[PDB]
């Protein structure tokens, strides 16, 4: 029969509202509740038996680590339930990529977990939210969606929660991945073209049930004439690990290297990422002697993704060699 799908609403633009129908970029996020959001798509009933639950009502750029745990643990409870077949989470696009990757690492279930949002508020003309939610439920109730990890369904695509990222502003095609979408969803039907190769959900060594609180991890941006100011201030404020958002291949300025070395000697993990996020990856020992300095490379993960993985990995290990191995498998 129909699959049982639960919709966990967290707010965002999909639940936002603007001044008029012409307002597709200027609006107030997290204004509409889950039940009114479900009622806007009557054709949802033909896809599955759907239930709405309001986990929170926020603008995603203002999300906290405790908001993540709250959502993560609620997902884990729903997943354990026999009466729940799939899970759809409505999330603001700003940090959707962070939450999607977090869930991918800590939810040890093969049940479909789909995160969805929209680039235009439901009050705008040609609002992308209705179809995105339809596609979300369509994918969550599909048996073929199992064992694929966390999924993001926007712009008629099925993107991997791991490496999808908000790469384009304003437009509905906002979410892209350097390794392409896994498939597409058209008229309730899912079409797969690729499979993930990185560890996730059921085969992850991490488990949200064991996590009580996440370690503080912060990101410093690198550019011309950059100093160590931001790096030291974040570390002094409690950061257990710093994500270096370097130029090119995770490059570090000669006048910032000393700060990073002493920060490492003082127990802070130094993870090299970059602001070159359309493609490619940061190679270990290429731009900097990571072995010599005992640093970690973030591979292909962008700064915000790298932070998420760092937080999670550190609840299990403070070993840099193991942290490096984790950045190469997840």
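Positions refer to the first chain, counted from 1.
* Residue range whose averaged C-alpha B-factor is higher in the record, 202-210 or 152-160 -> Higher mean C-alpha B-factor: 202-210.
* Do the CA atoms of 32-40 or those of 57-65 have the higher mean B-factor in the entry? -> For C-alpha atoms only, the mean B-factor is higher in 32-40.
* Asked: Out of 132, 82, 95, 104, which one has a C-alpha B factor higher than all the others in the entry?
  -> Spelled out: the listed residue with the top C-alpha B-factor is 82.
* Maximum C-alpha temperature factor, selected from 220, 71, 136, 260 -> When the deposited C-alpha B-factors of 220, 71, 136, 260 are compared, 260 is largest.
* Which third, lowest, middle or highest, does the CA B-factor of residue 227 fall in along this chain? -> According to the entry, residue 227 has a C-alpha B-factor in the chain's middle third.
* **residue 314 - Cα temperature factor, lowest/middle/highest third of chain** => As the PDB entry reports it, the C-alpha B-factor of residue 314 lands in the middle third of its chain.
* Would you check the entry's CA temperature factor for residue 270 and let me know if it's in the chain's lowest, middle or highest third? => As the PDB entry reports it, the C-alpha B-factor of residue 270 lands in the middle third of its chain.
* Asked: Once the chain's modelled residues are ordered by C-alpha B factor and cut into thirds, is residue 21 in the lowest, middle or highest one?
  -> According to the entry, residue 21 has a C-alpha B-factor in the chain's highest third.
* residue 303, C-alpha B-factor rank within chain (lowest, middle or highest third) -> Within its chain, residue 303 is a lowest-third residue by C-alpha B-factor, going by the deposited values.
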